[PDB]
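Presented below is the structure to which this report refers.
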Amino acid sequence: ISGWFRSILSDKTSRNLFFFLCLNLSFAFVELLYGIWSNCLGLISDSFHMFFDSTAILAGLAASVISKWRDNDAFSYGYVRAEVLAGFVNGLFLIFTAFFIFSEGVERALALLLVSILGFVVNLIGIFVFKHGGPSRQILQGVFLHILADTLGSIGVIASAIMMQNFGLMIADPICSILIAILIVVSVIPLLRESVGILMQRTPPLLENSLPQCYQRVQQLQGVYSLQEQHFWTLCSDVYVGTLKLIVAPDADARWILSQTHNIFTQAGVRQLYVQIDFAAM
Amino acid sequence: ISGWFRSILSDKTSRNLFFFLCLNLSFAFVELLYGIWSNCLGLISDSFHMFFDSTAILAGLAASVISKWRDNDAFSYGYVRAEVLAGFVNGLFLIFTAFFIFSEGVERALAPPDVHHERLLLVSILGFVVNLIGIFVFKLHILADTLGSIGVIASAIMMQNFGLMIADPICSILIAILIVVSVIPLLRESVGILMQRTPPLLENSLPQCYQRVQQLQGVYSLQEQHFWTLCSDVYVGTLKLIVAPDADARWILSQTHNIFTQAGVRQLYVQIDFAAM
Amino acid sequence: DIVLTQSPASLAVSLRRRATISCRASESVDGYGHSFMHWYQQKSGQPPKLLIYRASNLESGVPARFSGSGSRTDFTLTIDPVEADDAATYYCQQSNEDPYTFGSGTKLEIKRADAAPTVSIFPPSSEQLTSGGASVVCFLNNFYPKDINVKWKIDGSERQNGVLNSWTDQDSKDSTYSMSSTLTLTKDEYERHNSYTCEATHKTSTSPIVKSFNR
Amino acid sequence: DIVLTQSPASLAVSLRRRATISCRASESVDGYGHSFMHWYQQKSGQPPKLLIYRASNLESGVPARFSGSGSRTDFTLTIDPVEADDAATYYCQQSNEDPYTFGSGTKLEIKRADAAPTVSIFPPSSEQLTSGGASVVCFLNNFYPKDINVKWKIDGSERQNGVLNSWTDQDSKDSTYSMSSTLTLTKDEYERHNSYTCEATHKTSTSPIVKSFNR
Amino acid sequence: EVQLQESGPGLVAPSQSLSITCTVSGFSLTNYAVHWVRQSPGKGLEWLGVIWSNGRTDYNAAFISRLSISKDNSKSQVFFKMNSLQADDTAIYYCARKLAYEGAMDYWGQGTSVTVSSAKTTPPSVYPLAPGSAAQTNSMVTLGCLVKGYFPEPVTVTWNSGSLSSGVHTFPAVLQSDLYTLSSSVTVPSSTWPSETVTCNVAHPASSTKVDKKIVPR
Amino acid sequence: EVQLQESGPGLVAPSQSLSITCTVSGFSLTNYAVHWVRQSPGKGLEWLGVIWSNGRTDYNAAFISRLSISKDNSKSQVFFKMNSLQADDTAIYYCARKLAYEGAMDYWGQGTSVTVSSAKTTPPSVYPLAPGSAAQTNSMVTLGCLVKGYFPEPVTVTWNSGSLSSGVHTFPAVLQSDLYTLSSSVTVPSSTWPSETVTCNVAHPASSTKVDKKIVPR
Ligand SMILES: [Zn+2]
Ligand SMILES: [Zn+2]
């Protein structure tokens, strides 16, 4: 337990996520107190929602912590798919919070501004700190998307609060809600697509275009007859696993062919390669 | 579309499963409209429960029809991971609904809505009847959804005999806890498959396979053994063998393939490296 | 383990004909398109010599008249044509299972024209006369077929008690046979009798060949 | 491609000593722990003979005095002890990259004691005069070292234009050389002079070896 | 030039140890595995074990407790050790080089005959055999050498120190009275005997006996 | 017994095609690849191509447009076809068996010398080389065989059908006026000559010339 925290502070993304966790629960206590201070009209709901947000941040932090673990017999590849799974569940949570924004808009449908300013300062701190989001490339992408969704949703609710006061429109809140949900869903689509591609054992998109030339280079090797059962997939970000079977001549140089195939697929970016070499009868 | 309708009305097992769906979605609509009508949060939570159970079934059919597709260059293994992903996604969605209705239940327990509209206040024993007949007549989730309807059973009795407003939130949190408990095992299996974990049905026989491969003549060591689950009962295994400078690579390859095929591995890649000395 | 059965145990083939040796395996010695069965040839007084490995591949340096075939459990070693140098015992060896096991063996008999034995008779030497014993030896060289009988007449009387026979394996240049018989006596029986004869009957002729000496 | 540079282009090593031949590769011929470099030996008028494959593995049947070592780009062929039959050219071949390329070749010269050339002169044969030509052949056999001088005198006057020189390679048994010089001439030039002198200048003796004939 | 020579004791006492050394030439133990095979008249050829370049040893499970194989690559020697010999262990023992990348054995040694018995080594008695008197001189005269009273196998019988190879017929020994009796024959032209020397070279490596007995007319 | 024989035209006209057949014995083309390598005095050993067991051919990229290798496993023959023969293609062409599972070549053929020139094949002239009178007979007497005026390479010079091997020194040919001249010498004891006959056998396979010329004293 004591050494768990030192591993957390050693890792940059983990320490930033713990910064966010501590800040989120501190402001949660503050706003819960302000909530039970005789103002529980809609803020109790807001309190519970940013508890959900803190849960998502905790999911990202836990994903990083498990990702830096050591492999064993049960988890021979490690726990490096935890970042991909976190990005996936964070994208799905963003879809669900888009649905919740839609429900909030439908709460009005056809028929004081102080928790939101601290939410705004929290979320601009998030934009500043997590600018490099764009195990970092998968966890920080989902965390950046979640923080952006909360950021721009709070922006939308403040836009509603400022339109009903300055010019007195009663329709802008549902329309800003549908704009809000549509924009965050459109933003979260690419991360879900990449996560689904990784978890479906799809060929890595960066590796996909360079693979036919790699197969041509392997087929050009002296004494190789055919390539079979070539499978490439993404383990984690920028780690590709590849397998293929080679039918070679009955007297082919298996050492040289193995070394050349490994070289060819190493220049392409395949970290883990398994080449089975089968000697032909004829 | 004409051929589809006649076929599904003549078979038997498909007829029972489509009865399962159509009745379940129908009463999901009815009890959702009753819940949004009055203040039955617990009832709309139960509606979300068996709504997502019906989506689990129909997403199972959709994932089956997707995994029937032929593999291409991009998807080398095919679309067989679609069933695992669909189960995982629906489990996550059930978790999310459980958490949100937990939140709304605590909010309702803070201040009770005091609506208690009756009308056909007996929608709840209709829900009990329908999920009983669904789970028995048709085909831990085999009995978890039975406990979901009993939550609104006592809420309606408490919502009539004394009108105690604390009951409906308590049923909402109880339903949420039941949902997460029911969903946990499927999520565990899906997480294990998607994390490239060694298949549990293969883990106990793997040390014996390693000892058998090591006993092969000319084999020096086993390195970088990786086994994972592609889909149900389809295991992919990779390993690298360091062998003698003059070992029988053909025989060693055949014996390693036999050893791991007897253990249940369907896709095996054995890389053989000849030692310098 | 895998038990290898070779049929026939012996096989007789003349010059320029075809020979076939079959090996039967109790279990399949096949793995992924390869049969791990190997054929050896063992001549007399020589170590086994590899002919075929993996049931069809001619080992480098052996003549092209040897051929291998088969799969699963049935395997054939074919010699075509059959020369006189191929007089040896042929073994099949499996390598699919530990331990390595060999076949029982199949001896190749090289048929030829029948030849009468060349018989020579040798009285006991003077050094043996000083040792304390007597032994008379007969040499039947270059005869075919193998079947032959040798009789010893001591002064015209039948003697069989001390008869000892040793058969030389079929030769590799003329496919013939050799036959050496000895009669070990002490001094009284050697010097008591005067005439010692060597009589051998072979299927080539009717009258037995007779070699004799006195004293 | 990969260029293999062999140093030295020629090497002189005495009996029972250690000879070292180096092959330098333009690019690394190593892959995953194996160095795909092979050594050959080519004697005079013979195809190349493989000695070392994969830079340290002796070919089956080659003498144990041949040794290989090295990795990446630098490789060494070592002969210890150096025998007389090791008089040949040694080539390095890489197989890491297509096309296969061979080294420039290093000639191992066997150092021995100096020997006097056996000088013999031969007159033009009568068949050659009937044909219309006249060639006088001088044979210098079993001499060491290789460097030697041959001068031709007619009636006491030197000739240096119609002389053709042909040297043999170093012998594999006595490590010596053989030299032949021919003086090709027409009929009238041959018959117009009487004395033909073959002069052999070698470092073994300061006095040159004189062999001559008349008419 | 690939050779494998085994050097082991011809006679071993029962319930003792057997130590055979296989010296190899023409190949290295650093990249070749060598097998051990014994051949007996009763049980035939049976595999015993293999040592690999890494020193890995695999054995026949029937000999797992009493058989050990070791080597060292410096002297290119493979050591065969077998414990608790019985009478059924009497066989010719081969060290065989494994054929590369295959399960066969391409090169075999000449083999060492190992006899397990309580009897002791007896030097042979070498007795010339000549035709009686000069009757039937003809053109083809046969000479014999009788090797009586030796133990154990083997003995090498050679004619004229290897120059006389044509017409040589050496017969298998017969085990009688716990001892071995061996006979050899050779045919030379009648004009060659007794014109020059014809000698019988008998070697018994078990007792280190070398006899060069000469054949003389009777 | 592994043996490779190349049979091709000794002389090839420039810009024509060269066809060499390699016949193999002692191994099968069904599991062995055969390489083609030429050796020239200028460019040294050059690797040309390899045919694999299934008919796959890999060529040197410098000859890919004009080289073709084929085979037939029934008669164990490999066919080497090269087009656009130019003057820099004069080399000895070998067919070599690839060392199994290695990039080396363990067995080579004797090689066929290919001369690319527009000249014509000229049968050789074989003249006796006898010592002048009987001066300096001593004990070691040297006799010679002059082969002058042939084209192209090569000629084999043997003494009494190869019976005399020791003391034989055949010298490399010299090119002048697009003809070749070669000299050979044999040293024999003084009691051997002129007692028994000695002859130099000169064979020119390009012109199918066979000479059994007799060396006689002057
Ligand atoms: Zn948040
Ligand atoms: Zn359910």
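Every number here is computed from the coordinates shown, using simple stated rules; none is lab data. Note that each Cβ is placed from the backbone with ideal geometry, even for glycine, and that neighbours are counted across all protein chains shown.
Every residue, every condition in (1) more than 14 Å from chain B (Cβ to nearest Cβ); (2) within 14 Å of ligand 1 (Cβ to nearest atom), yes or no:
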residue	(1), (2)
A:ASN72	no, no
A:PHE88	no, no
A:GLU104	no, no
A:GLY126	yes, yes
A:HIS146	no, yes
Next on the checklist: For segment D:170-209, give me the residue count where each residue is surrounded by 12 or more Cβ atoms within 10 Å (Cβ to Cβ) and within 26 Å of F:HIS169 (Cα to Cα).
Outcome noted: 27
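If I go through segment C:20-45 residue by residue, how many of them are more than 14 Å from chain B (Cβ to nearest Cβ) and under 15 Å from C:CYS92 (Cα atoms)?
The initial filter retains those residues of segment C:20-45 that are more than 14 Å from chain B (Cβ to nearest Cβ), namely C:20-26, C:39-45.
Among the residues that remain, those that are also under 15 Å from C:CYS92 (Cα atoms) are: C:20-26, C:39-43.
Residues that pass the stated criteria total 12.
Can you spot a residue in segment B:8-16 that is away from ligand 1 (no atom under 16 Å from the Cβ) and surrounded by 15 or more Cβ atoms within 10 Å (Cβ to Cβ)? Quick ask: steps written out before the conclusion?
Initially, segment B:8-16 is screened for residues away from ligand 1 (no atom under 16 Å from the Cβ), giving B:8-16.
Still in the running and surrounded by 15 or more Cβ atoms within 10 Å (Cβ to Cβ): none.
Scanning segment B:8-16, I find no residue that is away from ligand 1 (no atom under 16 Å from the Cβ) and surrounded by 15 or more Cβ atoms within 10 Å (Cβ to Cβ), so the answer is no.
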Next on the checklist: Could you check segment D:47-56 and list, in sequence order, the residues that are facing chain F (nearest Cβ under 8 Å) and not hydrophobic (A, V, I, L, M, F, W, C)?
Outcome noted: D:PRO47, D:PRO48, D:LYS49, D:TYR53, D:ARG54
Checklist entry - Can you pull out the residues in segment B:45-86 that are away from ligand 2 (no atom under 16 Å from the Cβ) and buried (at least 20 other Cβ atoms within 10 Å of the Cβ)? => result B:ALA63, B:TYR79, B:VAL80, B:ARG81, B:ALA82, B:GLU83, B:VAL84, B:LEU85
Next on the checklist: Looking at the structure I just gave you, is B:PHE227 of a type outside the set (A, V, I, L, M), at negative phi and within 14 Å of chain C (Cβ to nearest Cβ)?
Outcome noted: no
Next on the checklist: So the check is Cβ under 7 Å with 6+ separation or different chains; which pairs have a first residue in segment B:165-179 that's over 12 Å from B:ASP145 (Cα atoms) and a second one that's within 16 Å of ligand 1 (Cβ to nearest atom) and hydrophobic (A, V, I, L, M, F, W, C)?
Outcome noted: none
Checklist outcome for this item: Of (1) within 16 Å of ligand 1 (Cβ to nearest atom); (2) surrounded by 20 or more Cβ atoms within 10 Å (Cβ to Cβ); (3) more than 14 Å from chain B (Cβ to nearest Cβ), A:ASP173 satisfies every one except (1)
Next on the checklist: Tell me yes or no: at least one residue of segment D:108-127 is out of contact with any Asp or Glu (no Cβ under 7 Å at 6 or more places or on another chain), surrounded by fewer than 22 Cβ atoms within 10 Å (Cβ to Cβ), within 12 Å of chain F (Cβ to nearest Cβ) and of a type in the set (D, E, K, R).
Outcome noted: yes
Item to check | Conditions (1) out of contact with any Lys or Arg (no Cβ under 8 Å at 6 or more places or on another chain); (2) crowded, with 20+ Cβ neighbours inside 10 Å; (3) within 9 Å of chain D (Cβ to nearest Cβ); (4) farther than 30 Å from C:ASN57 by Cβ: number failed by F:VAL126 | outcome: (1)
Checklist entry - Taking helices (runs of 4 or more DSSP H) that do not extend beyond segment A:171-221, which have at least 2 residues that are more than 19 Å from A:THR243 (Cβ to Cβ)? => result A:172-199
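Is it the case, given these coordinates, that F:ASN160 is on the phi > 0 side of the Ramachandran plot, of a type outside the set (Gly, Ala, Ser) and more than 13 Å from every other protein chain (Cβ to nearest Cβ)?
Values: on the phi > 0 side of the Ramachandran plot: yes; of a type outside the set (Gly, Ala, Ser): yes; more than 13 Å from every other protein chain (Cβ to nearest Cβ): yes.
So F:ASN160 passes the test.
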Item to check | Residue in segment D:128-152 that is nearest to the other protein chains (Cβ to nearest Cβ), counting only those that are closer than 19 Å to D:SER195 by Cβ and of a type in the set (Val, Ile, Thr) | outcome: D:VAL137
Checklist outcome for this item: Contact list, first residue from segment D:13-24 and farther than 18 Å from D:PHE102 by Cα, second anywhere and assigned to a strand (DSSP E or B) and of a type in the set (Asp, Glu), beta-carbon distance below 8 Å, six or more apart or interchain, is D:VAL13/D:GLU109
